[PDB]
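Accompanying notes for the structure given below.
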Amino acid sequence: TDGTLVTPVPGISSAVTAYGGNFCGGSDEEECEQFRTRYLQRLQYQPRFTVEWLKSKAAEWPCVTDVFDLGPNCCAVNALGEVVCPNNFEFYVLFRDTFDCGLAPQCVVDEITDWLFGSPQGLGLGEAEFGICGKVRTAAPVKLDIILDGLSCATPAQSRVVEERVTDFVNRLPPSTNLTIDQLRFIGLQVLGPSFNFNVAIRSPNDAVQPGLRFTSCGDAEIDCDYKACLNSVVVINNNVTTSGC
Amino acid sequence: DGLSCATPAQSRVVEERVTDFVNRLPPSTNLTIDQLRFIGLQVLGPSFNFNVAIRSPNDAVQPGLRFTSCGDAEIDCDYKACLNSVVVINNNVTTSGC
Amino acid sequence: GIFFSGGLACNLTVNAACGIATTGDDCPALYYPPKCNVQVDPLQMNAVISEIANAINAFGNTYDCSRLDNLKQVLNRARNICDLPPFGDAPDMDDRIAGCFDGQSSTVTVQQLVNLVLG
Amino acid sequence: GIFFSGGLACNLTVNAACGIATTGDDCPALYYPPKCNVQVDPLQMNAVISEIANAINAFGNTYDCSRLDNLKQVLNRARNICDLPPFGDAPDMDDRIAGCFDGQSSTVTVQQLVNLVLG
Amino acid sequence: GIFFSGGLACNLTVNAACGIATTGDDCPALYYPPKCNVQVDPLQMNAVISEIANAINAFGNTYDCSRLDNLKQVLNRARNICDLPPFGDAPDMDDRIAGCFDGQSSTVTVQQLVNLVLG
Amino acid sequence: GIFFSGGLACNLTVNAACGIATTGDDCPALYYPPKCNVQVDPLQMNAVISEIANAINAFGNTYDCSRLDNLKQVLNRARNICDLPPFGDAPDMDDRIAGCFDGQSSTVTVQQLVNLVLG
Amino acid sequence: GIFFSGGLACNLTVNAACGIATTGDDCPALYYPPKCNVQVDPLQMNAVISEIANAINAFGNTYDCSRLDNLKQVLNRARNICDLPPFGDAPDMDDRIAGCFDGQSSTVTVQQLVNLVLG
Amino acid sequence: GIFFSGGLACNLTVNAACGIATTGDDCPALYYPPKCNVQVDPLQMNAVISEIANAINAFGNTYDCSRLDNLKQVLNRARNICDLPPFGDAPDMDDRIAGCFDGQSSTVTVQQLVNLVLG
Amino acid sequence: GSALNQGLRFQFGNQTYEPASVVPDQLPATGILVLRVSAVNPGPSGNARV
């Protein structure tokens, strides 16, 4: 939000302010395998071409970092008990670099919908084709705390990389997806080996009840629609247990 | 339970990995459900639903086979888990179609 | 209780009846949502079956697992005033009698009865 | 309603009660099949929950979540004559009174009983 | 039907009840254990549906889909003695009348009430 | 403490008794999950062993190796009043005496006892 | 409970108390078999954790994880007399006083003490 | 016994309280060491189970695995003065009486009691 | 979040030590980094108790 002028100019105060407070756009050169898999995604036969087109276009908004589809916890059923196919085109967006958890307020995503579909939607007054309606959505955060037990016996490199991988996995988890214990254990087992003791635990801060969260018996963390898991902190309980035993 | 909806390539990969994992299983070693689930999480990714169950053929009892409370196929020793047939099925509805 | 822990309100679901009078906001009325990925909570089923068990044991009758008409039987016994046990002593003026008065099922004491008959 | 939409007839499965009276065939009685695995429908459980909860709130009572005998208490309220509120006015000759008559849960109006006492 | 075949006892689960009077010993008061992936058995639900349907069908009533308070109406008909049929012929002296005598619901013979009124 | 630091609550496992008053959040009530892969933490079994050992060493008694019932002896000597050492001094002033006064177990002073025998 | 579910009886292993008085076959006394392919069951360990926690909570005491002598302190408070609450109400005739009586830890009503003190 | 066969002393680990008095050099106070390739020895768990179960069966009570507070009830019965049964006969001059005495909880003989009250 | 480079050198007593493994690009979010480190000069002089 605040910055200084490098070169001094007479009569101009050195303190300048980032109008808006964010600096979008920065991206790196596209590699060869990424371009190959993007080009192969153009020739091949694609059902529901409209949804992928809209996602690729919406990814061009400033500071949009990730785009996700409607998660599995976001389906629905009629009274008879059959899945209903959605008639619109809806998905999420994640500004992982500007807001907290990447979740934006409702106004930003409303502006993105107005730019993408038009007003009123479906008239071809926007990027989307004629008769193409829908809506971009956001999610609300649910703070989850993650505790790793049994990691002190690993070499510092292993514990460090496991912490980093668990953090990066929870941060990139799409909205409307459960945070199962089995996923974290396999981020652990894939490093520590198949005969290492490792136990993870997912809790809520201060054991407070949060909207859009249910702890299944398993110990997982069911998260409902329009909500997203958010890493509060990763704590390691190194109760002095080591390999030597001193 | 729940592979039919994944593209046929992923289903074929998961089958040829599960059958090969169970073939090479050392004697006197449990075929836990966790070890099977984690073969689907690697190719299918964290956004898929994919459940795995182990059963005896025709629900018959066999010498030296028990099922743990978590569903693990606990094997008494001087025995070895040999695959009979891997079967795919779908009972939980989802929007993978449409 | 017999409601789902993380459910929805009556008007956000189907086969849901609202207007249920509950004691304290602590345990409100929430029903299973209409989403494919919902499995019936076994504990809620335990609460329901416990409620029907506590109800079926009323009037002293014991439950039978084989036959399935038992709640009908206890309900019939409820509307079976002929099954009400006879009184051992003699009633006085302060006792009560039930009857349909002006259309509503109410009660009246023996004293008002003798007052009306003596007129 | 509380039945399964895609279920089978009563005689084709187990634990099913036949002869259930319903308003037309548009409300058929179907139960889950013993064959191919089926998960109980959450919406049908919502119907069952709504039914039980509406039963609890009868007679002006409220639902409780701390204990699990509510329907037992409501059944005690039924068949308990004493509960019934008293009548404000005097019981007129036209009103009816309850009582077991020739082993039948019938009612007789005040006219006949005054005739008996006078006779 | 009810009391899930492979269930525990009261304190080995949650929301269960005790004192469940059961005919014989082969009908044990069991409840779903609270562990991971236990699934409600369809057949049990079939039995619960049968019980609820018999309860609603009692008193000669019929079940409806568009109403979620059928059990409430049947309970109200169990109460509200004004729903009982009138007595066809004249009553005799050995009949019984229901009422709250000394705080307990009981029946008294007509002979006693006539002895009372003549006094 | 004796609680597994990477643990759960009651409603997330079995054989866990919460309602455990602790002196702050730094010693929370946590238990082992209902999985078939977790291993019991030896540094917690040390806490349980220390607890029971300090329990046995109460009253100056010493732990012993051929008797699996040392805690039983400690409990007996805890309740059995007669093994309490004889008061090596003459009674005096208001040395309270225990008893089941009015139902609640308590003690009364000497003078409070002499007031009733004086009368 | 605190016994291992799939274990052997007392006389088929080591460090196993024999003659444990349970409350029926339902809770059999089984201990961990020797063998080798056996690990402490975490669900079993939860039971011991809970029992010790409840014991510590008894007598209104709270658990502290910084100290390892909690059960010892609750035992000492169990034996100690004037840890008991003082009594304010006047001792009626029919209260109790405990002590030694023919080498037995019993109590006697105030009647006997006053009657002996008459002499 | 309840200790680890090849463990360490108190200060060479954590959650290990020492000052434990044992009878002789055999089975001394050894606790699990802080090596993460060490698992709990099942036989030591059999010993701790034996100790808890024998602690339960004190006072002739029976252990129920369905409940998680048996030791709490045992400790309550230990401190409950009113638990002590009535003495079968009349007391005499040598019997002893409980209570605290100047903060020196002990027993008092009826002899000095009558000597002080007769004054 | 600070920046790190491969030119880290530590001064322990009178000796100099360098990273053995590859230094991470950024300091981890914990705020602490543990690094495998080897001496710069071979021989028995690099051994120390510090």
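The residue that is surrounded by the fewest Cβ atoms within 10 Å (Cβ to Cβ), counting only those in the stretch H:68-86 that are part of a loop (DSSP other than H, G, I, E, B) and within 8 Å of chain G (Cβ to nearest Cβ), is H:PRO85.
Taking the conditions (1) within 30 Å of E:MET45 (Cβ to Cβ); (2) out of contact with any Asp or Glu (no Cβ under 9 Å at 6 or more places or on another chain); (3) not in a helix (DSSP H, G or I) in turn, C:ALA98 satisfies each one other than (1). The residue that is farthest from A:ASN232 (Cα to Cα), counting only those in the stretch A:146-164 that are without any contact (Cβ under 8 Å) to a residue 40 or more places away in the chain and of a type outside the set (D, E, K, R), is A:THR155. In this entry, E:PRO34 passes the filter for residues that are part of a loop (DSSP other than H, G, I, E, B) and buried (at least 21 other Cβ atoms within 10 Å of the Cβ). Among strands (runs of 3 or more DSSP E) entirely within the stretch A:131-246, having at least 3 residues that are closer than 30 Å to H:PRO33 by Cα singles out A:140-149, A:199-203, A:227-237. Condition first: more than 8 Å from chain D (Cβ to nearest Cβ) and part of a strand (DSSP E or B). Now tell me which residues in the stretch E:107-119 satisfy that. Scanning the stretch E:107-119 gives E:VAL108, E:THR109. Taking the criterion of being more than 24 Å from A:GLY131 (Cα to Cα) and either part of a helix (DSSP H, G or I) or of a type in the set (A, V, I, L, M) (or both), the residues of the stretch A:37-75 that qualify are A:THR37, A:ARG38, A:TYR39, A:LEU40, A:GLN41, A:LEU43, A:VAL64, A:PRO72, A:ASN73, A:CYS74.
Only one entry in A:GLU111, A:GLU33 is free of Cβ contacts under 8 Å to residues at least 40 places away in the same chain, part of a helix (DSSP H, G or I) and surrounded by 13 or more Cβ atoms within 10 Å (Cβ to Cβ), namely A:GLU111. A Cβ distance below 7 Å, combined with a sequence gap of six or more or placement on separate chains, defines the contacts here; from the stretch D:103-119, residues that are more than 16 Å from E:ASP94 (Cα to Cα) reach residues that are crowded, with 17+ Cβ neighbours inside 10 Å in the pairs D:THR109/D:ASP95; D:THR109/D:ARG96; D:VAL110/D:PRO91; D:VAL110/D:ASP95; D:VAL110/D:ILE97. One residue alone among H:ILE56, H:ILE97 is surrounded by 19 or more Cβ atoms within 10 Å (Cβ to Cβ), in contact with a strand residue (DSSP E or B) (Cβ under 9 Å, 6 or more places away or on another chain), free of Cβ contacts under 8 Å to residues at least 40 places away in the same chain and more than 7 Å from every other protein chain (Cβ to nearest Cβ), and that residue is H:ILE56. Among the residues of the stretch H:63-70, are any touching a helix residue (DSSP H, G or I) at 6+ places or on another chain (Cβ under 7 Å) and under 16 Å from G:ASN115 (Cα atoms)? Within the stretch H:63-70, none of the residues are touching a helix residue (DSSP H, G or I) at 6+ places or on another chain (Cβ under 7 Å) and under 16 Å from G:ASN115 (Cα atoms). Scanning the stretch A:181-220 for residues that are crowded, with 18+ Cβ neighbours inside 10 Å, within 25 Å of A:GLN106 (Cα to Cα) and of a type in the set (A, V, I, L, M, F, W, C) gives a single hit, A:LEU213. With respect to A:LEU80, determine if the residue is over 14 Å from A:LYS135 (Cβ atoms) and not in a loop (DSSP other than H, G, I, E, B). No.
Whether a residue is touching a residue at least 40 places away in the same chain (Cβ under 8 Å), at the interface with another protein chain (Cβ under 8 Å from one of its Cβ atoms) and out of contact with any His (no Cβ under 9 Å at 6 or more places or on another chain) was assessed, and A:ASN197 passes this test. Residues that are among the acidic types (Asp, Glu) number at least 1 in the following strands (runs of 3 or more DSSP E) confined to chain I: I:15-19.
Matching residues to (1) surrounded by fewer than 17 Cβ atoms within 10 Å (Cβ to Cβ); (2) on the phi > 0 side of the Ramachandran plot; (3) of a type in the set (A, V, I, L, M, F, W, C); (4) free of Cβ contacts under 8 Å to residues at least 12 places away in the same chain:
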{"residue": "A:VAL16", "(1), (2), (3), (4)": "yes, no, yes, no"}
{"residue": "A:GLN46", "(1), (2), (3), (4)": "yes, no, no, yes"}
{"residue": "A:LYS57", "(1), (2), (3), (4)": "yes, no, no, no"}
{"residue": "A:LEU70", "(1), (2), (3), (4)": "no, no, yes, no"}
{"residue": "A:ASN73", "(1), (2), (3), (4)": "no, no, no, no"}
{"residue": "A:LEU94", "(1), (2), (3), (4)": "no, no, yes, no"}
{"residue": "A:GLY102", "(1), (2), (3), (4)": "no, yes, no, no"}
{"residue": "A:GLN121", "(1), (2), (3), (4)": "no, no, no, no"}
{"residue": "A:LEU125", "(1), (2), (3), (4)": "yes, no, yes, yes"}
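Figure legend. Inter-residue proximity from the stretch H:22-49: first residues more than 14 Å from A:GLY245 (Cα to Cα), second residues in a strand (DSSP E or B), beta-carbon distance below 8 Å, spacing 6+ or different chains. Indicated pairs: H:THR22/F:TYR63; H:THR23/F:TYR63; H:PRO28/H:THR22; H:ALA29/H:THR22; H:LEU30/H:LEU8; H:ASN46/G:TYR31; H:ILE49/G:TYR31. Give the residue that is farthest from the other protein chains (Cβ to nearest Cβ), with candidates limited to residues of the stretch H:1-53 that are of a type in the set (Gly, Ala, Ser) and over 24 Å from the mean Cα position of the chain (by Cα). Result: H:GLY6. Residue check: E:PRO91 meets all listed conditions (1) surrounded by fewer than 14 Cβ atoms within 10 Å (Cβ to Cβ); (2) assigned to a loop (DSSP other than H, G, I, E, B) but one, namely (1). Checked against (1) surrounded by fewer than 21 Cβ atoms within 10 Å (Cβ to Cβ); (2) outside any loop (DSSP other than H, G, I, E, B), F:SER50 meets all criteria but (1). Beta carbons closer than 8 Å, at least 6 apart along the sequence or on distinct chains, pair a first residue in the stretch I:21-50 that is within 14 Å of chain A (Cβ to nearest Cβ) with a second that is hydroxyl-bearing (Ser, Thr, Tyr) and outside any strand (DSSP E or B) for I:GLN26/I:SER2; I:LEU27/I:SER2; I:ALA29/A:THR167; I:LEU35/I:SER21; I:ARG36/I:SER21.
Looking at B:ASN84 and the list (1) touching a helix residue (DSSP H, G or I) at 6+ places or on another chain (Cβ under 7 Å); (2) surrounded by 12 or more Cβ atoms within 10 Å (Cβ to Cβ), which single condition is not satisfied? Going through (1) touching a helix residue (DSSP H, G or I) at 6+ places or on another chain (Cβ under 7 Å); (2) surrounded by 12 or more Cβ atoms within 10 Å (Cβ to Cβ) one by one, B:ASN84 breaks only (2).
The residues of the stretch I:28-50 that are touching a strand residue (DSSP E or B) at 6+ places or on another chain (Cβ under 8 Å) and surrounded by 10 or more Cβ atoms within 10 Å (Cβ to Cβ), listed by number, are I:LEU35, I:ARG36, I:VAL37, I:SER38, I:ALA39, I:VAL40, I:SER45, I:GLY46, I:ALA48.
Here Cβ is always computed from backbone atoms with ideal geometry, including for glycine, and neighbour counts include all displayed protein chains. Since every read-out is calculated from the coordinates, none of them should be taken as a lab result.
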